[PDB]
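Visitor: Take this structure first; my questions come after.
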Amino acid sequence: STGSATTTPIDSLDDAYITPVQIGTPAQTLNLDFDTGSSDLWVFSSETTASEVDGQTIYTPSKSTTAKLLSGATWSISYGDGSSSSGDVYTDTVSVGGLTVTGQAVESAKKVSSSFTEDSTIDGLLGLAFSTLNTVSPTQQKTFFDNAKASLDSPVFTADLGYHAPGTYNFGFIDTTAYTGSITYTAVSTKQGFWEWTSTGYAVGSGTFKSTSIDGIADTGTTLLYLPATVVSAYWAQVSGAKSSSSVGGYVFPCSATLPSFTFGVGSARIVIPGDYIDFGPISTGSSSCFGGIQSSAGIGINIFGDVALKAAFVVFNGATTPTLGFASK
C-alpha cells in the first residue's frame, strides 16, 4: 500500500504545516502537524477542557463506531518549545492520503497548553519519530508509520515541504519526479528516538564550504534551523545589522536586508537553503526588525534541522531495519 497527502503551511511564514487525517468511522477529518521529532498522535477532542479549545476541529470518539477506549492508558507530552498536552487514549481507524491503519492509538487531549489553544489551525500532532518516544502509559503505543510499515510497498515516508506553498507527505514510495538529481542517503542513530544524523558541514552564501560534523535531528515539527552558535554567528555576520537579541529570544535582522543562502552537507552532497527561507518576518506587527530562521541550538542540547532546512529538500525517512535518511535537491 501507499499513501499521499498534501501538507499546507498554516500561515504566511510557514510556521508549521498541516495535513488532513481521517480518524474514525464515519471519518472525522482533522488537520494534524506531522512531526518527525515526536511519536504521539494526539488530537483535540470532545474531552478537551472547553476553555482550551478555540477554533480547532475536535475528534469525538463517541461518534466513531470503530473507536475503543484503551483501558487505563494515559499520555502526557512536553515539547522543546515549552508546550504540552495530555489525556487518555482510544484506538481507531486512521487514514492519511489513502493509507489506512486500523487500531491506531489516537491520544485524546483532556488538557493542552496555551500555545496549542491559541493556534486554531492545528488540530493535533501526528508523530513520526521512533515509537520508543511514545508517551502512552502503561503500555507504549506505536506511531502511524510503525503500524503501517509492514503493509507499505517500501518501508519509507517522504517529506516534501513547500516554501510559502503546499507540499506532500508520501508513505510507502519515493516519487522520483519530486526531486532533482540523486538522493544522498546518510546514517541515522535512533538512540535518542529521533531521526538523528550528522551533516558534513555548511557554507554561508557563496562562501567556502566548511567541513565539520554537525549532529542533529530531522524534525518536521520544528519551524526553524537550530545549529551550533559558531555556525549561526558565521551566518548572521554576513547580514548587516543582524544581532542576537536576548529580549526577542534570538537573532534578528533588518527587514530591509536581502539574506544570504545557507548550505548544509549531506555526505558529499549539498542542500542550499535560499536566503528568503530564513526570513521569519517582523518580530511584532509593523516592526522593521525581522526574526531569523537560523538560530542557535545552544541550551537546546541538540541541533535541529527543522522546516527551514527540510523544505529546501526532498527528504526520505527510510524505516528499513537499519533506518537512514535521504536528501535530494528539488
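Just so it is clear, chain A uses Swiss-Prot numbers, and the residues here are 90-419, in order.
Any Cβ shown, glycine's included, is placed from N, Cα and C.
Pulled these from Swiss-Prot:
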- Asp124: active site (ACT_SITE)
- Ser288: active site (ACT_SITE)
- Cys344-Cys379: disulfide bond (DISULFID)
- 106-417: domain 'Peptidase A1' (DOMAIN)
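Describe each of these features in terms of where it is and what it packs against.
Guide: DSSP assigns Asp124 (active site) to a strand. All chains included, 23 other C-beta atoms sit within 10 angstroms of the C-beta of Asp124 (active site).
Within its own chain, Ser288 (active site) has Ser302, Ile303, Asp304, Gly305, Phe353, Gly354, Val355, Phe394 as residues 6 or more apart in sequence whose C-beta sits under 8 angstroms from its own.
For the recorded site, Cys344 (disulfide bond), the DSSP three-state label reads coil.
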Visitor: What is the interatomic distance between the Cα atoms of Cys344 (disulfide bond) and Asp124 (active site), given in whole Å?
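Guide: Between the alpha carbons of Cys344 (disulfide bond) and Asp124 (active site) there are 29 Å.
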Visitor: Just jot down the residues in the same chain as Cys379 (disulfide bond), at least 6 apart in sequence, with C-beta under 8 A of its C-beta; none if empty.
Guide: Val341, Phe342, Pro343, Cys344, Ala346, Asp368, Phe369, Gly370, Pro371, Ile372
Visitor: Could you find out if DSSP has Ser288 (active site) as helix, strand or coil?
Guide: strand
